[PDB]
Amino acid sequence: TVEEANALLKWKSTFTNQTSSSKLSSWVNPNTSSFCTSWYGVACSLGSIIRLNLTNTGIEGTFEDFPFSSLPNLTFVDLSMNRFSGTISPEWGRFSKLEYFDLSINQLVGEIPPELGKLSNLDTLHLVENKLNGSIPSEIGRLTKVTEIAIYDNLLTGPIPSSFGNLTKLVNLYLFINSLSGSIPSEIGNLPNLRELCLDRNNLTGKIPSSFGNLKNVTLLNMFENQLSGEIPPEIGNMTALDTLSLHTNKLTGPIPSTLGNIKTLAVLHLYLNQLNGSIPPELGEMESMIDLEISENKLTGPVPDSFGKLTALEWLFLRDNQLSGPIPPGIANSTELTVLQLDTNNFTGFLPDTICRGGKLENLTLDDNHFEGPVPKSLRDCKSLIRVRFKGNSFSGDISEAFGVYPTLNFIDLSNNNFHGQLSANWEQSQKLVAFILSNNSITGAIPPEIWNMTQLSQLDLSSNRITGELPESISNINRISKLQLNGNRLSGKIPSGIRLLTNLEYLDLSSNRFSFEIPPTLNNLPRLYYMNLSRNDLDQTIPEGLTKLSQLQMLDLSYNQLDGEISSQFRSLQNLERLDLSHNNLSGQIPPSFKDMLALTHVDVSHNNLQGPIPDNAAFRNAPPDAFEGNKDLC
């Protein structure tokens, strides 16, 4: 002790930036009467230190003056969560009785010495969250008594040593955040007691070893975010204890092995972001424990098997971004726990099944860019748990007020590019959590129900390219949280409400291709975030108000195809960020204000088909203007 205690005390002297409130204030008397009872972090057997525990003590220093020659009986060493810097000495391999070695969460650098391989009594090795570099020494394979190795979040390079096949007692192998290289050693498939194998987020190349079919005890296999190639070995189906299988973000090829259906314990399966091809094996319907099934972003083809109706515990089904085709089998939506159904970016056909929301738990449903047709099933109308619903780009049909019910939890919905008809039901107001209502390019008619403006939480509203009638009320001001407002391409009439003044958060306004009939509100001068305003193809009938020139942030402003008259106010020179102007097809008169030469951001102008006269101020926009941009004026010099 007295030699051990004095040797430890000499090492404590190396510590830097240590305050008097440190836990190591207890290291005072080198006599055994206090060394083995009152020194923080030390424990003795027969009066000799066997245990050194200094986790999370705030020590800053090095192991250079660690008393290797003075502590022969160390069997438990934890120095994690400190500020130790330097390298791992080969002397660490001298502690013949050591069983637990932890130097995680530190600032160590350099290679791992081969001498660590001669710690024949070691049970657990932790070197986590350091900056160690080099290749793992082959001598680590001498640790026949080890059960857990964790060296993840480091700068390790080179291959995994094939000598690891000698570590028969290993149950846990954690090496994920690293830069290991080469093929997986096939001896790793022969570890009998292995339970968890995490090799994800590395630079591994080559095929998955077919010997992995021997790992009858492994429940977790993380190898995602690698450069694995070839095909998934069918022998993986012999891994009858496997719970989670994640090979996502790799360069695997070929079809899914039909032998995945043998693993009755498999609950999670991530195969996404790869290059697998072929058709979905019908045997995948026999993965009875399956909960999370993800095959997104691949090159799969063919129909989904009806056997998916046997997956009674399925909650997430990710099949998006593939080349699957045909109709959806009703078995897909059989699960009462089904919560997420992502199917966009595919080549499907036909109708949605009536099982779509059988359990009443479906949250997210995505069908973008497919060839679905027919009406909305009744189970989806009455499904109240919807959060995200994406129907964009299909041939769906039916009455829009008869298709959809009430959704208290609805957050986002996009029904654009479809064939819905009818008039909007006021039921949408009850979806008080909705923030995005996007319904463009449909056959919808009628007037906008007034209750829509009472949806205060709405931030984006897109009813463009429809046949909606009526006029916008002054209650338009109720939705001031809006930032994108797209009502263009409709049959909206009457005057533009001055309540648009109070929608301050507005970034993007599109009211063009409509039938607005009276003069522009002079009070639209307080939109400090608007960069876009399009009022083209309407019936506005007076002079451009001076309030428009006060919106500093406009980038584009299109007032074309109107009955606007009067003179072009020179105060448009104030719009310092304006890049585009279009005033064509109007009855504007007078001369173009010569102050416009100072609009350096202006790049595109059109003034054609008007009643103006005089020479053009000289700027970049006017010089590059084509002859169309001045057509049909009176006396433009």
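Numbering starts at 1 and follows the sequence shown.
- Higher mean CA temperature factor between 543-551 and 71-79: 543-551, per the PDB entry.
- The mean Cα B-factor in the deposited entry runs higher for 280-288 than for the other of 280-288 and 443-451.
- Residues shown: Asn203, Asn526, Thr219, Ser483. Highest C-alpha temperature factor in the entry: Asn526.
- Listed residues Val42, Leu46, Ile59, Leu600 were ranked by CA B-factor as deposited; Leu600 comes out on top.
- Per-chain ranking of the deposited C-alpha B factor places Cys36 in the middle third.
- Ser584: CA B factor in the highest third of modelled residues in this chain (values from the PDB entry).
- Annotation for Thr55: CA B-factor lies in the lowest third of the chain's modelled residues.
- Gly470: CA B factor in the lowest third of modelled residues in this chain (values from the PDB entry).
- In this PDB entry, the Cα temperature factor of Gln432 sits in the middle third of its chain's modelled residues.
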